[PDB]
Every structure is written in C-alpha cells, then in structure tokens.
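These notes are about the structure you will find just below.
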Amino acid sequence: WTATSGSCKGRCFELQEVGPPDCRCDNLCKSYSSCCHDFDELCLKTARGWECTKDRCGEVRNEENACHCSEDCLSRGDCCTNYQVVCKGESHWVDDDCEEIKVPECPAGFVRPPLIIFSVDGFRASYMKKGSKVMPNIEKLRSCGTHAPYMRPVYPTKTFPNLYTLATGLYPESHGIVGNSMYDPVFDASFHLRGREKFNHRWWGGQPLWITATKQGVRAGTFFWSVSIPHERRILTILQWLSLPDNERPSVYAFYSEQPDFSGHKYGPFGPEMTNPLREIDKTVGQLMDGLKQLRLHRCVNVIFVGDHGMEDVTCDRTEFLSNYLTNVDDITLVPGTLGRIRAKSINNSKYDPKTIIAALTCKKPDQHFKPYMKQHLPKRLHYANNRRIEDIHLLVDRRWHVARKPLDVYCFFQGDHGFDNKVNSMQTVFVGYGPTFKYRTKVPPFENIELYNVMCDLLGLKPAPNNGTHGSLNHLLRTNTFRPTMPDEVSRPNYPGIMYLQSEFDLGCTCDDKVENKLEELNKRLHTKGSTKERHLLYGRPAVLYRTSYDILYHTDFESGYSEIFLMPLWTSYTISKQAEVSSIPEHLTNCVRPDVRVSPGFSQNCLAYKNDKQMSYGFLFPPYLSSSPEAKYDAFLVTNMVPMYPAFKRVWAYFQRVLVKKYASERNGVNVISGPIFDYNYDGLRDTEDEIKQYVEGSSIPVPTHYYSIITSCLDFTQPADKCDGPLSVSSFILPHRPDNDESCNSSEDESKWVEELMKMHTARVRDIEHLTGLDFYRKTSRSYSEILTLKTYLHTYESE
Ligand SMILES: *[C@@H]1O[C@H](CO)[C@@H](O[C@@H]2O[C@H](CO)[C@@H](O[C@@H]3O[C@H](CO[C@H]4O[C@H](CO)[C@@H](O)[C@H](O[C@H]5O[C@H](CO)[C@@H](O)[C@H](O)[C@@H]5O[C@H]5O[C@H](CO)[C@@H](O)[C@H](O)[C@@H]5O)[C@@H]4O)[C@@H](O)[C@H](O[C@H]4O[C@H](CO)[C@@H](O)[C@H](O)[C@@H]4O[C@H]4O[C@H](CO)[C@@H](O)[C@H](O)[C@@H]4O)[C@@H]3O)[C@H](O)[C@H]2NC(C)=O)[C@H](O)[C@H]1NC(C)=O
Ligand SMILES: CC(=O)Nc1ccc(C(=O)CCc2ccc(C(F)(F)F)cc2)cc1N
Ligand SMILES: [Ca+2]
Ligand SMILES: [Cl-]
Ligand code: NA
Ligand SMILES: [Zn+2]
C-alpha cells in the first residue's frame, strides 16, 4: 500500500528515498506505483516543450512551463538548455572549437570535477564511424576527448548484466545478474525484465558505484530512470541537481537512453529507420553539453559516453528448435534466444539426465547454429559458471541466430537482437571520456567494460570495492588521478636443486634408450643446467608464485621451468623459439622415452606405471621435443619433470599446437616466447584450486589431472625486432584450452588437425590476467616497460575477429 495523498511540492526527483507507505517523488516512484498524487503535475511538466524561442526570452516566469526562458532561470537552475543560445547570443557547445582542458575550470564551491555517465542501450561500436555524420555532439566528444575504437561488453551481452558490470567492475557470475531472466533455486524465485521481483535487493551483489560513493562521503544522483520520464526531463533533472548548494549537490550522475536498442530490435542494427534514433540521442547529448556550458561546467565535468552492448541482425526464420533434437522436449525448461540455458522442468523427475541432453544436442545437424556446453566447459574468458543462477547446461548460439524450445514459442516481430559471445564484433559497444581528467584527442586500444568501475572511482577519488578490473590497466586514458599500483610480493621463493639423486634410486617404471655416450661439451651441458641459457628462454623474469607452496626452478638448454613438488609437474615452463628455429621429429628410439630427473626426488616425481595402468590417460610434454635445439638437447624434453597428464583426444590438439603452430607463430611474429602450464579449476570459480579441490588423479597415483592447459605467447610489438631482442612494447596472445577426454566440442575433429585445432584454440583465447587468476602466478615481472603498460598487456584479449 502507498498513501499517495502526500505531495511532491518541493520534492521533485528527491535524492533520498522515503519509506513506505509515504508516497515517493524520486525518479523510480513510477516503477513502484508509488508516486504522490501530484507527481505528474509538479514533476513532469511539459508545457511549451523543451526549447526557448525568441518570443519567450525575458518572459514572466510561469511555473507551469517544462523549462524557463525568464531572466531568473539561470539562478533558479531551470532554463531550457538552449536558453543562452536563443536569448543571449551564445553558441551551441557543438559549434565551439575544441580546446584542450588542461585543468578543471570549475565554479567556486566545487570540491571535485563531477562525473556524468551518459549510457546508451544497444549502441553498437561501429555506429561511432557509420553514424558520425548525423551525430555531431557525440563526434565532438569522441574526437576531442579520449575514445576507444570499441569497448568489450561482458557475456551475456544483455542490458542488466552489462549495466551492472559497468556499475560494479564484476563479472555477472560474481554480481549475480547473469541474464535479463533468471531463476535462483535457493530463493526459489524468478527475476524478469518486466515486473517487481527485479527491484528486490537480494538479486544485486557486489557494490555499485553509487553505494561506493555514498559510503565514502561522495553524494550520488539516482542512476535509474523510469521508462516514462522523457529524456529531456532526465537531462533537466541532472542540470537542476547540479545547481544545488555545495553540501547537497551530487558529484556523480547517470543518464540512460533506451535508444538505439529499442529501434535496433525492430529494424536491425543498420536499418534505414536507425538514423533518427541516432540523431535524437545526439540531440540529447547536445542538450546536456549546452546545459553544462550555461552552468559554466562544460570544462569542469568529466563525461563518459558508454554503451552496454551492440546489436546484430537476427530474424525469426533463423531459429533452431530443441524439438528437432530432443525426444523429451517437455521435460526441460529453456531460457531461449541469443543464448540458451537448460534445466529440468521438474526437480521431482528422476529420469532427467544432463548427459543425454548434451549428447542429443551435439553435432547433430551439419549446419548446426548453436553448441551445447556443460557450463564448466565454456571458454574461461566468458567467466560464466560460478553462480547457482547459471544453469549447468548452456547453449552458445551463433551470431545472427536464436534458439527456442518449440516453433510455437516463436509465433515476425523483429530484426535485431544481442546477447551473443562478447567477442563477436556486432556485440562490441562504445567508450568516450571527455573532461579535465581524461586525455585530449587520444585514442586508446579496445578494453573490457569490467575495467571502468576502477576508473570511475579514480575520477571521483574513491577506493573501489574489490572487483575484477585490473586497477592501473586503464591509466593511459587519464591525464591525472592515475592509480599507481605496485607489483604483488612473491610469496614462495623457489629452490634451485642440483644433482642429488642416482638413477637407481628411481623406481618409476619408465625407460629410455638414452645410454648413448667429452670435456668440451660436458662443461657446457653443466652450464645449461645452471641457467646459462636462462636469459634467452625466460625473457620477462621468472613468474612470481603468489601463494604458499614448494617448488623448484629447473634449467635446461632449451627451456626453464618452475616445478611443483606438490602437484608433481611444472606450474610453468618457459621457452623461446626464434624465427630461424627448426622443427624436428621425436626419433624412433625415443618414442616412449621418459627419464628420471636427478635433481628431483623419486618421491616428488611422476611415474610411468601410473600411465600404463590408467587406460584413459596418457601424457604429453610442456616443452615440446619437436623444437629441441639439437639431438643432444632433445633428451631434456623427455625428463619426467617435463611430463604432464593428457587424454589421448587432447594430445591430438596439444601435439598439433606444439609441432605445427608454435613454429608458425615464430615465423609470423619474428620469434615467440612461450610459457605453458597446467590449470586446475575443478570448482569453475576462475581461481587456482588448492590441493584438496582436485577431483581427478591419474589412476592409482597422486598425480593431479589438469582441467585446462594454458600458453602465453609473447613477441615484440615491433615485429622487425626478434622476440629475444625487443626494445619496446610487447605483443601477446594466450589460450586456456579445456583438457577434455573427447573432441566433441569440435564437430570437424575426425578431419586433419589443420581443419579444426586452431579454430578450437581461437574460441579459447584468454587474457594473461585470466591465467594469473587460475594459477596464482604473476607474469612479466622483469621487463623494460612501465607497470601500467604491463597491466594493459595482461588484460589484452586476442579476439581473431576481423577489423
Ligand atoms: C571477481 O572479483 C570478485 C570480488 O573480489 C571475486 O569474488 C570474491 O571471491 C572470493 C573467493 O571466492 C570470495 O570470498 C569469500 O567470501 C565469503 C563471504 O562472502 C560474503 O561477503 C562478501 C563481502 O561483502 C560479499 O560480497 C559476498 O557476496 C556474494 O554472495 C551473495 C549471495 O549471498 C551475492 O549477493 C553476491 O553476488 C556474491 O556472490 C558471489 O560470490 C559467492 C562466494 O562468496 C558465490 O557463491 C556466488 O556464486 C557469486 O559468484 C558474500 O555475501 C566467505 O564466506 C568465503 O570464505 C570461505 O573460504 C575461505 C578461504 O579463504 C575460508 O577461510 C573460510 O573457511 C570460508 O569457508 C567456509 O565456507 C565454505 C562455503 O560455504 C565452506 O565450504 C567451508 O567449509 C567454510 O565453512 C570467501 O572468503 C568473495 O565473497 C567474492 N566476492 C564477490 C563480490 O563475489 C572473484 O573471485 C573475482 N573473479 C575472478 C575470476 O578473479
Ligand atoms: C526495464 C527497465 O527498467 N529498463 C531500464 C534499464 C536501465 C535504466 C537506467 O536508468 C540505467 C541507469 C544506469 C546508468 C549508468 C550505469 C553505469 F554507470 F553503470 F554505467 C548504470 C545504470 C532504466 C530502465 N528503465
Ligand atoms: Ca578453483
Ligand atoms: Cl537472458
Ligand atoms: Na568431434
Ligand atoms: Zn535490447
């Protein structure tokens, strides 16, 4: 119940929420059906529209008007935004030349430059270029401020998951808004775009920017706007708040436009109908900037123009139906559309089986436009698994397509949609920052929206709540207020074992034909085991181990490794392959060769008998024997300390990567440095497992089975310089491949590896930072580069999309 008989007089768009049943006048009272009786009359005036005209100039103040053109409007803070242009001969902001804002130029009583976040729904990245002719205000923000060619949203590329990621710096799996529709089995409650349940605070995790601000004494405008409040009124409200007394005035504000998304769904992303929505959003930007100029704030405020996600061409006829795959379609609930989430229709049905659902959905039709995954098998870059609201069964839908349960669900009302994989070009969205704290006429590389919360905190002088951004990775966007992080302290120092064991101390069940027999070369081989080639193969320093563990550094001619005595295998293996390097075979006499490592105790080694006895599990090597520098050095590659457990199906992937692709990358990139290793993430939280979280071992042994294998592949950004003699910035690409016992993910896997392996690897592209989380390692500790530049490098994702 709401006693709507109270009044909004002098309360329009009040910032503090008054508690039920007293009636509300805040900018979300509509959504709660709780506005006071006179809210429309008082707070949503429209009389005479939104623009001053010549005849209105110097008018007698009529309180009924939507905005004012009387002499008193400036001191009242309620002029129409074009008042100074029409009535006082001023220019529109957009018509002014841009002039660098070197320092904030703020009115007296302003403690800090305010931040205004101008958010646009469905604003695809390419609209910035493609629509530039009809968006002069936005184009000026873009050209004169700091801009990225695009900003990567989070998956699923839907509205609420992205706006809330922008507000919190968190992945959806951590903030809890994992889709526009959700079921939470613990609450036994459903969240929907339309309705009231979504306003319940229990859905919304983390700490959004307005709460961060408020807790730290920085006042916030109320970010959410009811759909029925026109954009002109949203802008006027912001400008009015900006005229409050110092002690009452917010420092952070948000605007939201439901365009161009609204029209994009109807007309497609480049529908001819799309020009008008773009013109109209630009007009709204113009109104804000004119309004700031009137208030003398246009060289004081930091403005962020940011989108949630893009828009793709999608029509009803491009729908896959689960009824064409599953016998038992009525026993499942599907969350449909540009992604699929499947769970049992009834928890009482004990004939429900995820394994049979997955199999019935796997590579069943030749042109199949979705792929099923258990959520833990989704690309780790999506970070889309560690939440009870995410169903175990996920369908990744091809761009341009929908999935639905049955044809009757689809009945064409639409031409655009979004939600697809966040690396898809059509899903990319926009970022521009303009103001004293942003750089002038600066283009920055694409970056992820999870990074922005940190920066918004920087812009406001706030300490960010713990989040998934990498603070300092976006320092290059900023003129001042940079955050100068220090590298994390190494927690575990390595041991550097020498030769401590005789061959006969080992009883590993391994054999090698290596007893094939010199003071010239013997001193030189001793040098290699002591680290004399380490500077060639470990180019950016040893990775730091950021947790408590026991491990050894092992040096070799061709590779260096950090060998874990706890996990019985390397945490990392580092090696450099020059452009000139030659690939060779594993010699016939060495096919099954495994060699005890006389630096490492039998008790801390793997054994070959475990692999013999495990009929599902084989092994591979982290440093590839194919890339040995010489016949003699090749023996090092067969050390038991370079061995890792691999399913035969996975070995197909790994062997092709090592035998074919590493060389190809070294040819293309002018040498590469490779760091490879295992990852254990059995609880799919994106974080390194402890020893007691491992669910699978090589049968009979304490050898833990990796859930994934990573590689970080680094070279010189200036590829005229070889990877091992690089003077400047680095270039990186990485992957986190799932360690799976089948290649069911790759529908073309019965073909030669040249037709499917690299495609798999591309899907599983990763940031170095993703690998850091998954391993507790910190990379690039010793470069000639600034730490902020290295943080940016660590957040880079190589996407393989066209331009
Ligand atoms: C992205 O960045 C984020 C933010 O930094 C990272 O997330 C953090 O990761 C930490 C490790 O997973 C995690 O720390 C745990 O916190 C537990 C207390 O959590 C509450 O308090 C915080 C602080 O205010 C709050 O933010 C939390 O909010 C979560 O839960 C509510 C629902 O109640 C949601 O509204 C919200 O969205 C969020 O959910 C998300 O996280 C939870 C896990 O916390 C998931 O379950 C969800 O799926 C969702 O993703 C909470 O309200 C604390 O209890 C934990 O302590 C256990 O483990 C430590 C190990 O040090 C040990 O000392 C203790 O013994 C303890 O174990 C006991 O409980 C076990 C579980 O029941 C039990 O098995 C044991 O036997 C013990 O009894 C732990 O410290 C931190 O909460 C989150 N923070 C957030 C905001 O998500 C994230 O890792 C980053 N991602 C990547 C890829 O880097
Ligand atoms: C069905 C429905 O309610 N759709 C809506 C969805 C969103 C909104 C908003 O007003 C969002 C405001 C906002 C701006 C910026 C951010 C930031 F900073 F994080 F980027 C976060 C939030 C309003 C409506 N009406
Ligand atoms: Ca884990
Ligand atoms: Cl959804
Ligand atoms: Na296959
Ligand atoms: Zn939409």
Side-chain angles (χ1 to χ4, degrees), residues 27-28 30-31 115-122 151 153 158-160 162-178 180 184 186-187 192-196 198-213 220-229 231 234 252-258 261-262 304-308 376 380-390 429 431 449-450 452-453 455-456 464-470 547 679-690 692-695 707-708 767 769-776:
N27 59 351
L28 65 151
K30 287 299 198 188
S31 290
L115 171 67
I116 297 179
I117 300 146
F118 192 109
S119 65
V120 282
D121 188 22
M151 176 182 71
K158 298 277 177 182
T159 303
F160 280 116
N162 277 277
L163 291 175
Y164 207 50
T165 283
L166 287 163
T168 60
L170 297 168
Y171 300 119
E173 68 177 3
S174 287
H175 64 56
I177 313 300
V178 308
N180 275 342
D184 182 307
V186 172
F187 302 156
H192 304 108
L193 258 159
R194 295 277 217 178
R196 309 187 60 88
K198 75 160 188 290
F199 294 105
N200 192 310
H201 282 196
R202 67 184 172 174
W203 295 102
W204 305 87
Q207 185 179 94
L209 183 64
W210 58 87
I211 298 306
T212 303
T222 45
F223 275 43
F224 173 103
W225 298 94
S226 298
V227 69
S228 65
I229 301 172
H231 292 189
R234 303 183 194 188
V252 59
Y253 298 87
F255 170 89
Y256 173 76
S257 163
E258 72 291 336
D261 177 85
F262 185 78
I304 287 174
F305 182 81
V306 65
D308 52 359
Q376 66 272 20
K380 300 295 278 179
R381 63 186 171 79
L382 301 177
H383 296 279
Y384 196 71
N386 185 208
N387 196 289
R388 72 201 182 205
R389 296 161 191 177
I390 298 165
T429 185
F431 171 85
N449 70 353
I450 54 167
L452 267 190
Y453 168 78
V455 169
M456 294 188 293
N467 68 89
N468 303 127
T470 291
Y547 57 99
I679 278 163
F680 305 89
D681 192 20
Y682 278 97
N683 60 357
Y684 45 90
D685 65 357
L687 306 178
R688 172 193 56 94
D689 287 357
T690 53
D692 61 4
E693 297 174 324
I694 305 302
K695 297 177 60 60
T707 55
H708 295 80
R767 312 172 307 143
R769 201 77 181 98
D770 295 323
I771 296 161
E772 294 191 334
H773 296 322
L774 286 158
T775 59

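In what follows, every heavy atom counts, from backbone to side chain, and hydrogens, waters and symmetry copies are set aside. First listed ligand is number 1; within each ligand, the first listed atom is number 1. Residue indices begin at 1 and follow the sequence shown.
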remark   = Listing protein N, O or S under 3.0 Å around the Ca ion (ligand 3) gives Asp681 OD1, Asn683 OD1, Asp685 OD1, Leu687 O, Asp689 OD1
message = As a check for students: among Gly169, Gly205, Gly686, identify the option with a heavy atom nearest to atom 34 (C) of ligand 1.
response = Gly205
key: Under 3.5 Å: N/O of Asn468 near N/O of ligand 1   = yes
inquiry  = Nearest 0.5 Å, please: how far is OH in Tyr171 from CG in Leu382?
reply    = 10.5 Å
message = Determine whether any protein heavy atom is located less than 4.0 Å from atom 73 (C) of ligand 1.
response = no
ask   = Once you round to the nearest 0.5 Å, how far does NZ of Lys158 lie from CG of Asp261?
value = 9.5 Å
task = List every atom of ligand 1 that sits less than 4.0 Å from any heavy atom of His175, numbering the atoms from 1 in the order shown and giving each element.
result = 37 (O)
note = Closest non-hydrogen contact found for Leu452 with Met151 is CD1-SD, 3.9 Å
inquiry  = As a test of the contact definition, would atom 76 (O) of ligand 1 count as having a protein heavy-atom neighbour under 4.0 Å?
reply    = no
key: Side-chain donor or acceptor of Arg234 paired with backbone N/O of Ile229 under 3.5 Å   = yes
message = Counting C-beta onward and ignoring hydrogens, is there a side-chain heavy-atom pair between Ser119 and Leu166 closer than 4.5 Å?
response = no
note = Here the atoms of ligand 1 under 4.0 Å from any heavy atom belonging to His773 are 94 (O)
query = Can you tell me how far the CG atom of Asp689 sits from the CD1 atom of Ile679, to the nearest 0.5 Å?
reply = 10.5 Å
query = Does atom 19 (O) of ligand 1 have a protein heavy-atom neighbour under 4.0 Å away?
reply = no
ask   = Considering only the protein, which heavy-atom contact is closest to atom 7 (O) of ligand 1, and what is its distance?
value = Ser174 OG, 4.2 Å
task = Answer yes or no for atom 91 (N) of ligand 1: protein heavy atom present at a distance under 4.0 Å?
result = yes
Distance from atom 32 (C) of ligand 1 to nearest protein heavy atom, with residue and atom = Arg388 NH1, 5.0 Å
ask   = Donor-acceptor pair, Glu173 side chain versus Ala385 backbone, under 3.5 Å?
value = yes
remark   = Of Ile450, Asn387, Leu687, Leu170, the residue with the heavy atom nearest atom 89 (O) of ligand 1 is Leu687
ask   = Under 4.0 angstrom from atom 37 (O) of ligand 1, is there any protein heavy atom?
value = yes
query = If you measure from atom 47 (C) of ligand 1 to every heavy atom of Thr168, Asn386, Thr690, which option wins on shortest distance?
reply = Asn386
key: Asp308: salt bridge (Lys or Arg N to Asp or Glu O under 4.0 Å) partners, not counting sequence neighbours   = none
query = With a 4.0 Å cut-off, strictly under, does atom 50 (O) of ligand 1 pick up any protein heavy atom?
reply = yes
Heavy-atom nearest neighbour in the protein, as seen from atom 4 (C) of ligand 1, with distance rounded to 0.1 Å = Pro466 O, 3.6 Å
task = Report the residues that fulfil salt bridge (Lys or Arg N to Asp or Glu O under 4.0 Å) with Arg688, sequence neighbours left out, ordered by chain and then residue number.
result = none
ask   = Relative to each other, are the rings of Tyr164 and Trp210 parallel, tilted or perpendicular (30° and 60° limits)?
value = tilted
key: Contact check: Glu173 vs ligand 1, nitrogen or oxygen atoms, below 3.5 angstrom   = yes
ask   = Under 4.0 angstrom from atom 64 (C) of ligand 1, is there any protein heavy atom?
value = no
4.0 Å protein heavy-atom contact status of atom 53 (C) of ligand 1, strictly under = no
key: Polar atom proximity, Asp685 to ligand 1 (N or O, under 3.5 Å)   = no
Is there any protein N/O under 3.5 Å from an N/O of ligand 2, and what does the full list of such pairs look like?
residue	atom	partner	partner atom	Å
ligand 2	10 (O)	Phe223	O	3.4
ligand 2	10 (O)	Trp225	N	2.9
ligand 2	25 (N)	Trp225	O	3.0

ask   = Does a salt bridge link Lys380 with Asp681, judged by any charged N lying under 4.0 Å from a carboxylate O?
value = yes
ask   = Under 4.5 Å between any side-chain heavy atoms of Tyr682 and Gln376, yes or no?
value = no
